[PDB]
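The next block holds one structure in the form of structure tokens; read it before the comments.
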Amino acid sequence: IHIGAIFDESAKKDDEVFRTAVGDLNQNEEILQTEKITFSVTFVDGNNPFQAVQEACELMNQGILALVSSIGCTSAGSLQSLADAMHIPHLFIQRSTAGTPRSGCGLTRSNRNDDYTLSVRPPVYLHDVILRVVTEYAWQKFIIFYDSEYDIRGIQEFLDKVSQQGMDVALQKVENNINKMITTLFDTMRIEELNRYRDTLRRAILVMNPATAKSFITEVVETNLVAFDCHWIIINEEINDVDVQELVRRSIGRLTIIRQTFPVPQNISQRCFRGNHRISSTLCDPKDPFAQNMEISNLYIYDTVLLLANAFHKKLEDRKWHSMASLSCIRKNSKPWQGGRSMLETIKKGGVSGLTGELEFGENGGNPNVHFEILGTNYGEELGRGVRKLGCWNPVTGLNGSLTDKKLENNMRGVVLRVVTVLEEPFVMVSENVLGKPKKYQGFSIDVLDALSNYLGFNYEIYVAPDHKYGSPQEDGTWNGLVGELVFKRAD
Amino acid sequence: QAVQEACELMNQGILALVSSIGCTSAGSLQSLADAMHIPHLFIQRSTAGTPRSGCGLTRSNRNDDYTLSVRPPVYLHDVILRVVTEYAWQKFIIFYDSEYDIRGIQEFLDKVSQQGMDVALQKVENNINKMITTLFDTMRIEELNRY
């Protein structure tokens, strides 16, 4: 057996994962019982699709039955085109772009061939999770903050799902120099712009890498830009207990954080045991020095090599096994290989149990199984920053507990009223008199109305009735004056 | 296939390469030019003249870029930004076809949100002669009025 894997220069840790899989599989009592794996794991710049294809074709020249990668999409699309040309399965693991919430590659790819790509990381569910959370809170106006690497192409349908609820959601790139945005908000804004955003910043979702969220939250708290009744959300795949607790500690106001995991038993032995076989502690046991150095792709590469081992074992059991045929690139004898289509027909229609829990594939080309968890706090300084779990969700079994508390709509608040008046002293006097800008009003009835507004949250604007009379019935029965405005429903 | 034929041209021998090709192929020819130092020149096309966008290639900044993009990068959404700033629309809706790269409206909102404006969105498809006309039957009249 020979296997080829093409990894980004940052993914070099996945070499040790591949060697871990080989060391386990060369001792596994159930899988590849007659065989041993040989490997030529190769590192390339994940931004260079040509070099990735070149090394993949060198591995094919060495002879391989299936292809593996853990690389940037910019190369993955050309590895997919190579798989379309040669009909070689391409088990692809994406890596997060500086930790941005993941999005599919969206690259142009030929429709004239079956897709040999096998995304071992699941499709993005984050947008449906956000939509459901927002619906359960029943929000209507808020801002989504994301890093400059964020890309809605993976979640294109999210836009219509939100828009059909009528939401006025603002989307804004947070600059990498986060202070540039925050100081822009702090120094340049008039009172109206500041109130506009502070009412907006009552609800926000940080869809960004956790370090950027930490820095933004820190500087916002130093600038006190969180409104006193705000409730924010954070969501990423690349979040842990330490990230949740640091984000809560740095924040003030109410905070929500959404994070990913796998639907698996938590005990280390049940992380490691798989049938009679056991996964090496290097990946399954958090005590291992390498486990403290792991990155997300290191969870998937092991299950990928295990999947290839299971596929080869099945091909041996069916006696469909074939020689390690060498295949060549950039020659007009290069043609799709039937052994590779049979390898896809084996790998794409099966699965394994591994570090990801249970890994399986279909003509969707992607792992269906994933799990998500949400935590937060209750604000008010009698409770403040104490983290509680809200609950969990997964597409395999649905809701566990609840994703969130239900409903966050502030009572009576957000009301705006149009009010009509007549300038009778001392009840209503014009204070500031300027031509352009609207004028200010001071008087006994304004005092009473403010003593109501501050108690119930009324916003209002005032305009003088044009006819200047309180009014009487007329001969036709219509009312002139201030009562007229209330009869024709022109003012509230 | 593009890389194969470009390297067959290099086998025949060429002083420069020109292409008018899809973005992933363009990026593969670009990294080919970066590896072989043979010059490449890139032209872009789109379905039925749908609004273009930049290919979004994360091309490695470690070296000079051996592809000269003859068509310029796309800044249409910066024109939308400036027009909306001229009209000062406080609330509006944005429509996008099946082909437009929605990163452009993402960057539009990124730049609009410095002020902040209320925005709705909707997908659009060429079946408008049936898709929009069916709304009179399938929407509520309340929904139709709000639309």
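In region B:1-104 the Cα-Cα distances spread across 5 Å bins starting at 0 as 2, 10, 19, 18, 15, 11, 9, 6, 4, 3, 1, 0 percent of all pairs.
Its residue count N fixes a reference of 2.2 N^0.38 Å for region A:113-259, and the Cα radius of gyration divided by that reference is 1.11. In plain terms, the residue of A:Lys348, B:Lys91 with the fewest other Cβ atoms within 10 Å comes first and the most crowded comes last, giving B:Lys91, A:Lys348.
Quick check: the angle from helix A:73-86's long axis to the longest principal axis of chain A, C-alpha only, nearest 10 degrees? The angle comes out near 40 degrees.
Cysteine residues of chain B whose Cβ has no partner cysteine Cβ closer than 4.7 Å: B:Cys7. For A:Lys469, the residues whose modelled amide H falls within less than 5 Å of its own, excluding neighbours fewer than 5 places apart on the same chain, are A:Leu482.
Calculated FRET efficiency, A:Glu382 to A:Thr183, Cβ-Cβ distance, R0 = 30 Å: about 0.35 to the nearest 0.05.
Using the number of other C-beta atoms within 10 angstrom as an exposure proxy, rank A:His231, A:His2 with the fewest first.
Details: A:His231 22, A:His2 13.
So the residues, fewest neighbours to most, are A:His2, A:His231.
The slack in the chain from A:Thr38 to A:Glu295, taken as 0.36 nm per residue of separation less the alpha-carbon distance, amounts to 90.1 nm. Our helix-only sum for chain A, with -39,500 (n - 2.57) per DSSP H run of n ≥ 4 divided by its residues, gives a mean residue ellipticity at 222 nm of -10000 deg cm²/dmol. Comparing B:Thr67, B:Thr58, B:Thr85 in a Gaussian network model of chain B, where Cα atoms under 10 Å apart are tied by springs, the biggest mean-square fluctuation is seen for B:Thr58.
Dipole of the protein assembly as shown computed with +1 at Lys/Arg Cβ and -1 at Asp/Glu Cβ about the Cα centre; of A:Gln164, A:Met294, B:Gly54, farthest Cα towards the positive end is A:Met294.
In a simple Cβ point-charge model (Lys, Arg +1; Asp, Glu -1; nothing else charged), region A:231-344 has a dipole of about 700 debye relative to its Cα centre.
Less than 5 angstrom separates the built amide H of A:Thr377 from those of A:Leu255, A:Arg388, all sequence-distant by 5 or more or on a different chain. Placing a label point 7 Å from the Cα of A:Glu136 along the Cα-to-Cβ direction, the residues of region A:167-204 whose backbone N falls under 19 Å from that point are A:203-204.
Helix A:210-222 and the longest principal axis of the C-alpha atoms of chain A enclose an angle of approximately 20°. Taking θ as phi - 60° and the Karplus parameters 6.51, -1.76 and 1.60, the scalar couplings of region A:350-358 work out to x, x, 8, 9, x, 4, 6, x, 10 Hz in sequence order, x denoting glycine and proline. Hydrodynamic estimate: the Kirkwood radius of chain A over Cα pairs, inserted into Stokes-Einstein at 4 °C and 1.567 mPa s, corresponds to D of 48 µm²/s.
At 0.36 nm per residue, minus the direct Cα-Cα distance, what do A:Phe444 and A:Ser334 gain on full extension? Give it in nm, one decimal, please.
30.6 nm
Simple point charges give the picture: +1 on the Cβ of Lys and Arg, -1 on the Cβ of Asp and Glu, and for region A:1-100 a dipole about the Cα centre of about 120 debye. By the rule of a C-alpha distance below 14 Å, with chain neighbours fewer than 8 residues away ignored, the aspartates and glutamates paired with A:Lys315 are A:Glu35, A:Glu345.
For region A:234-271, backbone nitrogen atoms closer than 16 Å to the point 7 Å from A:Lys13 Cα along Cα-to-C-beta are found at A:237-243.
What angle do you read, to the nearest 10 degrees and between 0 and 90, between the alpha-carbon axis of helix B:2-12 and the longest principal axis of chain B? The angle comes out near 20 degrees. Extending 7 Å from Cα along the Cβ direction at A:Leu435 and again at A:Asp229 yields two label points whose distance is 4.0 nm.
Couplings 3J(HN,Hα) of region B:15-21, computed from phi: 8, 7, 10, 10, 9, 9, 8 Hz, in residue order, whole Hz [Karplus 6.51 cos²θ - 1.76 cosθ + 1.60, θ = phi - 60°; x for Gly and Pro]. Here each label is just a point 7 Å from Cα along the line to Cβ, and for B:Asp118 and A:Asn454 those points are 2.9 nm apart. Fewest-first ordering of A:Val352, A:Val264 by other beta carbons within 10 Å of each residue's beta carbon gives A:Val264, A:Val352. Measuring between alpha carbons in the structure, the pairs from A:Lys12/A:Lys214; A:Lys320/A:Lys348; A:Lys12/A:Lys180; A:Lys437/B:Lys111; A:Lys12/A:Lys389 lying more than 24 angstrom apart are A:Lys12/A:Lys214; A:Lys12/A:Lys180; A:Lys437/B:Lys111; A:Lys12/A:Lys389.
When chain B is treated as a Gaussian network with alpha carbon springs shorter than 10 Å, the biggest mean-square fluctuation among B:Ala33, B:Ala120, B:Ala16 belongs to B:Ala120.
Using the beta-carbon distance between A:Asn411 and A:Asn111 and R0 = 51 Å, what value does 1/(1 + (r/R0)^6) give for FRET efficiency, to the nearest 0.05?
Using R0 = 51 Å, I get an efficiency of 0.40.
Summarising the strand pairing of chain A, around 40 percent of its internal DSSP beta bridges are antiparallel. Residues whose amide H falls under 5 Å from that of A:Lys173, counting only those 5 or more places apart or on a different chain, are B:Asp110, with hydrogens built in the peptide plane. Taken about its Cα centre, the protein assembly as shown carries a charge dipole of about 840 debye when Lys and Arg each add +1 at the Cβ and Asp and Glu each add -1 at the Cβ. Taking Cβ separations below 4.7 Å as the criterion for a possible disulfide partner, the isolated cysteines in chain A are A:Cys230, A:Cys392. For region A:398-414, backbone phi angles converted through the Karplus equation (6.51, -1.76, 1.60; θ = phi - 60°) give residue-by-residue couplings of x, 7, 10, x, 9, 5, 7, 4, 8, 6, 9, 10, 6, 5, 6, 8, x Hz, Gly and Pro being listed as x.
Values in this text are rule-based calculations from the coordinates and carry no lab data. Counting neighbours? That spans all protein chains shown, and the Cβs are built from the backbone with ideal geometry, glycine included.
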